[PDB]
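**Student:** One structure coming up, written as structure tokens, with questions to follow.
Bear in mind that the values in this text are calculations on the coordinates, not laboratory data. Using ideal geometry, Cβ is built from the backbone for each residue, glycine included, and neighbour counts are taken over all protein chains shown.
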Amino acid sequence: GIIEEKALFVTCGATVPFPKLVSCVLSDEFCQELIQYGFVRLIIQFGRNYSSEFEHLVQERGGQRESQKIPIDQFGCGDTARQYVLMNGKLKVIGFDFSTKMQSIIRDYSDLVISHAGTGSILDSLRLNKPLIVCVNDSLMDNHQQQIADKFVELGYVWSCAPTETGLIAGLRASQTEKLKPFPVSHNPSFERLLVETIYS
């Protein structure tokens, strides 16, 4: 914490609309809890411009925001990235349209990766040896939701969350309360079939 700054990385798949996943990571509890967990640096990635969805919810709380030259060396975001002010400055949110390897820079920089029903993003965290919280969709069978959770909890390096605006932050509470550690196995095809294919898919 002294030498390196902590950061929480959010990424979404194509399973559901991104705009809908914005409110899941800018909720009252989501922001309020993280600043007590040690995640005051929240970086949320997207490929298509959804910056209006971030500014909107800020205006829905009367907060501030500023387009800043966010260091690539530090976070990985570009100069068009926007900083959003939540929780009276206690939560700093960076939004940026990622292009190439900048999304991998922020991944390595971050401590914890959130996958909103993602696919390659799951492989990425498991490849980069980062701890992974995976939020499932509401199209997934309830039995399959628990089935995946059971095995990821057995693993102890991935945490499954329900398809709500509260299941994620519950897992982000469980990231410290419950056993959740960085994925140690660096074998590409190992977690590909083990975790992604067999269990998740």
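**Student:** Largest first and in whole Å, give the semi-axes of the chain's equivalent ellipsoid, each being the square root of 5 times a Cα gyration tensor eigenvalue. Walk me through the numbers on the way to the answer.
**Tutor:** Values: eigenvalues 136, 67, 52 Å².
Rounded to whole Å, the semi-axes are 26, 18, 16.
**Student:** Further, regarding this structure: Select from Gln103, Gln176, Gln32 the residue whose mean-square fluctuation is largest in a Gaussian network model of the chain (Cα-Cα springs shorter than 10 Å).
**Tutor:** Looking only at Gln103, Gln176, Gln32, the largest GNM fluctuation is found for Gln176.
**Student:** Mind checking which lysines have their Cα closer than 22 Å to the Cα of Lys69? Skip sequence neighbours fewer than 8 apart in that chain.
**Tutor:** Qualifying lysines at Cα under 22 Å: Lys6, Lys90, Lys92, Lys101.
**Student:** If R0 is 30 Å, what FRET efficiency do you get for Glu33 and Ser99 from their C-beta distance, rounded to 0.05?
**Tutor:** Between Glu33 and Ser99 the formula returns 0.45.
**Student:** Can you give the calculated 222 nm mean residue ellipticity of the chain, where each DSSP H run of n ≥ 4 adds -39,500 (n - 2.57) and the sum is split over every residue, rounded to the nearest 500 deg cm²/dmol? Don't jump to the answer; show the numbers that get you there.
**Tutor:** Details: 8 runs with 69 residues, N = 201.
Computed ellipticity for the chain at 222 nm equals -9500 deg cm²/dmol.
**Student:** Can you pull the percent of Cα pairs in the range 1-53 with separation above 12 Å?
**Tutor:** 69
**Student:** List the trypsin sites (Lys or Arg not before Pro) in the range 1-76 that DSSP assigns to loop (not H, G, I, E or B) and whose Cβ has at most 16 other Cβ atoms within 10 Å. Which are they? Write out the running numbers ahead of the final one.
**Tutor:** Details: sites: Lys6, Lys20, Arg41, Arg48, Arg61, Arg65, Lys69; in loops: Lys6, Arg48, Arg61, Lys69.
When the trypsin sites (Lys or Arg not before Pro) of the range 1-76 are filtered for loop state and at most 16 Cβ neighbours within 10 Å, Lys6, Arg48, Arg61, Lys69 remain.
**Student:** Between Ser186 and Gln64, 0.36 nm times their residue separation minus their Cα-Cα distance comes to what? Write down the numbers at each step before the final one.
**Tutor:** On the way: separation 122, 0.36 × 122 = 43.92 nm, distance 4.07 nm.
Net length gain for the segment: 39.9 nm.
**Student:** For the range 86-100, list residues with backbone N below 13 Å from a point placed 7 Å from the Cα of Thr80 toward its Cβ?
**Tutor:** Only 96-100 pass the distance filter.
**Student:** Give a quick list of GluC sites (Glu not before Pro) in the range 45-127 that DSSP marks as loop, anything other than H, G, I, E or B, with at most 15 other Cβ atoms within 10 Å.
**Tutor:** Answer by residue number: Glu60.
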